[PDB]
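Participant: One structure is given below, represented as structure tokens, and several questions about it will come after.
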Amino acid sequence: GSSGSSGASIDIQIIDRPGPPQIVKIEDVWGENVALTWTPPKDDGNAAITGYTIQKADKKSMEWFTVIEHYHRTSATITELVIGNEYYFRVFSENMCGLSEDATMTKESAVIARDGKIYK
């Protein structure tokens, strides 16, 4: 097919805390590293999305420890992971306001193990 769309005369410039990422998935997990994959915002209209803060936590103390801040890419490889357990992860949104009030937590947890299934 073929179609387009263009035409508007308004500048909705309403600054405010950045929302969470469209979604957050886990590319995969191998050895003692985890691969996270979050999608970009649908807004992206206020403050150049500086980056995205990642936080990992275990199902033991559910403690969140700043993994990375003011990032760039949309994917980051986690480290320091113990094989034979699970862990969570949440991606935040920064720019100027601060950290997104809410974070898109992986629908599921990543099971650490010395293996990798190429499901894609």
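Following the order of the structure tokens, chains are lettered A, B, ..., residues in each are numbered from 1, and ligands are numbered from 1.
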Which residues, written as a ChimeraX atom specification, have at least one atom at most 6 Å from residue 54 (chain A), with only C-alpha atoms counted and residues fewer than 4 positions away on the same chain left out?

Facilitator: /A:67-68,90-91

Participant: Got time to write the residues from that selection, C-alpha atoms, as a CSV table (one decimal), in the first residue's frame?

Facilitator:
chain,number,residue,atom,x,y,z
A,67,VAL,CA,23.3,-0.9,37.5
A,68,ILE,CA,23.8,2.0,35.1
A,90,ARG,CA,13.6,-2.5,35.5
A,91,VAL,CA,14.3,0.2,33.0

Participant: With only C-alpha atoms counted and 6 Å as the cut-off, give the residues of region 13-82 of chain A in contact with region 104-112 of chain A, each with its shortest interatomic distance in Å and the pair that gives it, as CSV.

Facilitator:
residue,atom,partner,partner_atom,distance
A:20,CA,A:104,CA,5.9
A:24,CA,A:106,CA,5.3
A:25,CA,A:106,CA,5.4

Participant: Store the residues picked out above, limited to C-alpha atoms, as a compact mmCIF listing (two decimals), in the first residue's frame.

Facilitator:
# COMPACT_ATOMS: atom_id res chain seq x y z
CA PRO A 20 8.30 4.22 31.65
CA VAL A 24 11.14 -4.34 28.77
CA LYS A 25 12.37 -7.76 27.72

Participant: Quick one: of A:82, A:40, A:27, A:102, who's nearest to residue 57 (chain A), counting only C-alpha atoms?

Facilitator: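 Checking each candidate against residue 57 (chain A), we get A:82 as the closest.
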
Participant: Give me the residues within 9 Å of residue 48 (chain A) as a ChimeraX atom specification, counting only C-alpha atoms and dropping any in the same chain fewer than 2 places off.

Facilitator: /A:44-46,50-51,94-96

Participant: Which distance in Å separates CA of residue 42 (chain A) and CA of residue 18 (chain A), to one decimal?

Facilitator: 10.8 Å

Participant: List the neighbours of residue 76 (chain A) out to 9 Å using only C-alpha atoms; skip same-chain residues closer than 4 positions along the sequence, and give me the result as a list in words.

Facilitator: residues 34, 35, 36, 37, 54, 68 and 71 of chain A

Participant: Those residues with N, CA, C and O atoms, as a short mmCIF file (atom, residue, chain, number, x, y, z; two decimals), in the first residue's frame please?

Facilitator:
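The result, stored in selection_20.cif:
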data_model
loop_
_atom_site.label_atom_id
_atom_site.label_comp_id
_atom_site.auth_asym_id
_atom_site.auth_seq_id
_atom_site.Cartn_x
_atom_site.Cartn_y
_atom_site.Cartn_z
N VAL A 34 23.46 -11.02 31.90
CA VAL A 34 22.09 -11.00 31.41
C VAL A 34 21.95 -9.92 30.33
O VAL A 34 22.60 -8.88 30.41
N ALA A 35 21.10 -10.21 29.36
CA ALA A 35 20.87 -9.28 28.27
C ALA A 35 19.45 -8.71 28.37
O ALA A 35 18.47 -9.46 28.28
N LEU A 36 19.38 -7.41 28.57
CA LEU A 36 18.10 -6.74 28.69
C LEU A 36 17.77 -6.03 27.37
O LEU A 36 18.66 -5.67 26.61
N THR A 37 16.47 -5.86 27.14
CA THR A 37 16.01 -5.21 25.93
C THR A 37 14.72 -4.44 26.19
O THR A 37 13.66 -5.04 26.38
N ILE A 54 19.12 1.34 34.63
CA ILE A 54 18.78 -0.06 34.81
C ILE A 54 19.05 -0.46 36.27
O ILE A 54 20.00 0.02 36.88
N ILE A 68 23.23 0.99 36.03
CA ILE A 68 23.78 1.99 35.14
C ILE A 68 22.84 3.19 35.08
O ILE A 68 21.62 3.03 35.13
N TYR A 71 22.40 6.28 30.66
CA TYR A 71 22.90 5.41 29.61
C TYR A 71 22.63 6.01 28.23
O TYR A 71 22.21 7.16 28.12
#

Participant: I'd like to know which of A:43, A:80, A:16, A:58 is closest to residue 97 (chain A), using only C-alpha atoms.

Facilitator: A:16

Participant: What gap, in Å, lies between CA of residue 72 (chain A) and CA of residue 10 (chain A)?

Facilitator: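 It comes out at 29.6 Å.
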
Participant: Name the residues of chain A that fall into strand (DSSP E) according to DSSP on the backbone, using the chain letters and numbers of this document, as an MDAnalysis selection string.

Facilitator: chainID A and resid 24:30 33:38 54:58 65:68 77:78 85:91 104:105 110:112

Participant: In Å to one decimal, how far is CA of residue 65 (chain A) from CA of residue 41 (chain A)?

Facilitator: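 We find that CA of residue 41 (chain A) and CA of residue 65 (chain A) lie 23.2 Å from each other.
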
Participant: Which residue gives the smallest distance to residue 17 (chain A) among A:66, A:87, A:118, A:47, with only C-alpha atoms counted?

Facilitator: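 Answer, going by the shortest atom-to-atom distance: A:47.
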